[PDB]
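Visitor: Here you go, one structure.
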Amino acid sequence: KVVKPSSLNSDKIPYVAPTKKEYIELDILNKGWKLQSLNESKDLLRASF
Amino acid sequence: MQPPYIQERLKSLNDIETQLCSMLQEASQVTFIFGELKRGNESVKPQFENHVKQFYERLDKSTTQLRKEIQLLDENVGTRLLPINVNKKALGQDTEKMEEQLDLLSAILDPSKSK
């Protein structure tokens, strides 16, 4: 009822030029999140056991 | 009481679930130790090999002995505990409840034993 649906149309945007700046920070931040998941994993397994 | 064979069969089964409980406990300690191993103190590193080896050897032989118990379920059909027919007790309830009654009469019959 809001609108006749033709809303989403294909479009093109280029990929941002890569550098050391964000991938190494992202992958070590993901290491950090997965070390937290390992911690929570060990804690939950200990409580369950 | 139950005949000999069933008693050691239940003892072996009880040993089986106690071994399973020990396996779960050792899983708990190995999960515990891996956490600080990931935290990066290397002092408890040697204990890790021992814990893993004992965990696996506890997991294996328990299942192995439970394999022997199921072979013994199949193999003991009509076997070791051989049949016996010396009056069958569902009938022979009439016979122990004959005997004891007369025993009571004896106690009634002799006044010197009623003390």
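By convention here, the chains of the structure tokens are called A, B, ... in the order presented, each chain's residues are numbered starting at 1, and ligands are numbered starting at 1 in the order presented.
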Show me, as number ranges by chain, the residues of chain A whose atoms get within 8 Å of chain B, using only C-alpha atoms for the distance check.
Guide: A: 38-39, 42, 45-46, 49
